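Everything below concerns the one structure shown next.
Letters A, B, ... are given to chains in the order of the sequence lines, protein chains preceding strands, and every chain is numbered from 1.
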Protein chains: 2
Amino acid sequence: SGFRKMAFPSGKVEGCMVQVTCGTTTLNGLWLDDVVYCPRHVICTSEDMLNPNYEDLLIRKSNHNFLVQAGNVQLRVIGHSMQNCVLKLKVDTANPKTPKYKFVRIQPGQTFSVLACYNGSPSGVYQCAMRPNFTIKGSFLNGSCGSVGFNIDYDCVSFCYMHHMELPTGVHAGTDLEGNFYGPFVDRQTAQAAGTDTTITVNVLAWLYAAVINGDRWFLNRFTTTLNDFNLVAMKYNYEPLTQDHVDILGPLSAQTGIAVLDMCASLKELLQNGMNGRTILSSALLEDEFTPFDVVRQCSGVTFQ
Amino acid sequence: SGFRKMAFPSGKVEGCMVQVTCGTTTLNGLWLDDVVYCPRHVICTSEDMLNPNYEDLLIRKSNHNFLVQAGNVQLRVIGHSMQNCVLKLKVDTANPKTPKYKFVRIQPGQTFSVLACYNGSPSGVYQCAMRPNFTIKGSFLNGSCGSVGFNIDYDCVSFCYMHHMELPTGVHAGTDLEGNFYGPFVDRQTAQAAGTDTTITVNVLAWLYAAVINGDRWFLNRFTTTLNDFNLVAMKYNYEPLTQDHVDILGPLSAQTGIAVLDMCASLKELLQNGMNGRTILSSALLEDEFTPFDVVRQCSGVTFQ
């Protein structure tokens, strides 16, 4: 029993974290087989970042201009390419610590673990949700660029996120590992508006199920609701609209706890229209939306990996 | 910028996690050099746990009765000892993946990362506080026993906690790595009362400083307070009494933000006596007490390890 925001174990990803230095700037890189992946703004200074021409800036660099360190080893760069917003540095040596891995572009609403790194050195690990507006609310200091978010299913590391910047608004934006930004953002130091954000309704429902499994039951009522009726309430409170695909994803949680999805919706509408009345759910006084239905099932059943 | 509940990277600890099976029961063990550490109730069944005589039960076992698996390797037990509530299993092979490490007994109020494991296999990692009443509010399913909490400073893994049981009340209790329980608990399946718990006041203050560093400032006031006056409020709201040792530990945070500790106290008393008024601090509507002043400084400055 008990419910926690849990990160994936970060072992397999720590062995891939390296330090990339091009002249001034140093940030983190990801060393898989014999390629190092890092944000291309490693070739920028801080004034370059106002309006950079990455094409021109990278023509000014050669293989030997990229200093890449993996702990103690200084690594040997023998080929450099630009794919969208990431730099691919070809290296002399394959990483003996390369896990089985995939590159994945995730969906808004899905979660992942971030390994925050500085100078190629892991600092700590935390769980994140990709907001509906393609930002993440992370913890990233100067030099954290190149840090990666990832999922693990048994033996495979699915890399989904690389950190590139912090918006003036304080939230964070980055790319997949092919270098395509999530959201409308660009790697330029200018004002960039994130969309209006909303709450991930299917995730709040999963968390309510997790709460029932763990004994917090006060929010359950015998009222019920329709899907279309619940969605009028969702729209009023800036919740993502619930679809039948979401109901179906909540199927196993429904079946374990014996509470139909539309009964949990009627519980949720009541929470939205009346608050918690100084009570808490799983020791929180807000509605939590960073647990997918898969996260709840893995934690409430004990799925492990390697 | 940004502030998250961050766990330590779990790489160095994953390589020590093994699976220990004695007849019926299987749980996790910790393999350092050539000794495996696990809870001694691995030699119990579920009825043994009502009132076990560990002395007698362990006399019934031999070296070859302990099946210990490290991933694929089946490990060779050649000596078994009982130290308080932990079993020490001597093994044929030293762990090539043994990190630099210490055994530490921590203080109530300190925090640590837990690597939740099942069958010797890591499931995920989260950050914990040792409550003033020596429980922890974790996420532990059946078979999670033997999981360990730990800290890391640069290259050293300081093991402080091993999980042994879940109380009927839903909270968790365990030992240091010498096998001495934290708190008044025993490894027996009986009703066991945890003390009255309280809130870790020095930690709530550290988190308020973290909030100021990150731009949340609405709770600051120009009122102030004395230490003795603040402590009357603390006692009314079941907060741990603030001492001068606590004020001194908050020194660096005080100096970074320019807010004296007693000014933050007057902010806190106001929060305690008036609530948040539907506002949030670092995206939370409760006062957070799982960040030590060291945790805040490490995250707000970027301390790394290996």
| Of B:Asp295, B:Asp289, B:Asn151, which is the lone residue that meets side-chain hydrogen bond (donor to acceptor under 3.5 Å, both in side chains) with B:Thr111? | B:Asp295

| field | Contact leader toward chain A among B:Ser139, B:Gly11, B:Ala7, B:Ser1, where contacts are heavy-atom pairs under 4.5 Å | value | B:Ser1

| message | Is B:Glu14 in contact with chain A via its backbone, its side chain, both, or neither, using a 4.5 Å heavy-atom distance? | response |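 It is the side chain, since no backbone atom gets that close.
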
| remark: Turns out that what part of B:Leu141 lies under 4.5 Å from chain A's heavy atoms comes down to both

| request: Anything under 30° is parallel, anything over 60° is perpendicular, the rest tilted; go ahead and classify B:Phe150 against B:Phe8. | output: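 Answer is tilted, since the angle falls between 30° and 60°.
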
So which part of [X] gets closer than 4.5 Å to some heavy atom of chain B, the side chain, the backbone, both or neither?
X        : answer
A:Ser113 : neither
A:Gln299 : both
A:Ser144 : neither

| field | Distance-only donor-acceptor check, side chains A:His164 and A:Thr175, under 3.5 Å | value | yes

| query | Which of the residues A:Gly138, A:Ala116, A:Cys300 is involved in the greatest number of heavy-atom pairs with chain B at under 4.5 angstrom? | reply |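 Highest number of heavy-atom pairs under 4.5 Å: A:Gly138.
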
| task | Considering only heavy atoms and a distance below 4.5 Å, find which of A:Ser10, A:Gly2, A:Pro9, A:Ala285 pairs most often with chain B. | result | A:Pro9

| Taking atom CZ of B:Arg217 as the centre, does the number of heavy atoms from other residues, nucleotides or ligands within less than 6.0 Å exceed 12? | no

| field | Salt-bridge criterion met for A:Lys100 and A:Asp153 (N-O under 4.0 Å) | value | no

| field | Salt-bridge present (B:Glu290, A:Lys5; N to O < 4.0 Å) | value |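 Here B:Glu290 does not pair with A:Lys5 in a salt bridge, since their nearest N and O are not under 4.0 Å apart.
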
| Toward chain B: residues of residues 117-125 of chain A with heavy atoms under 4.5 Å |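 Under the 4.5 Å heavy-atom cut-off, A:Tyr118, A:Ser121, A:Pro122, A:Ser123, A:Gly124, A:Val125 qualify.
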
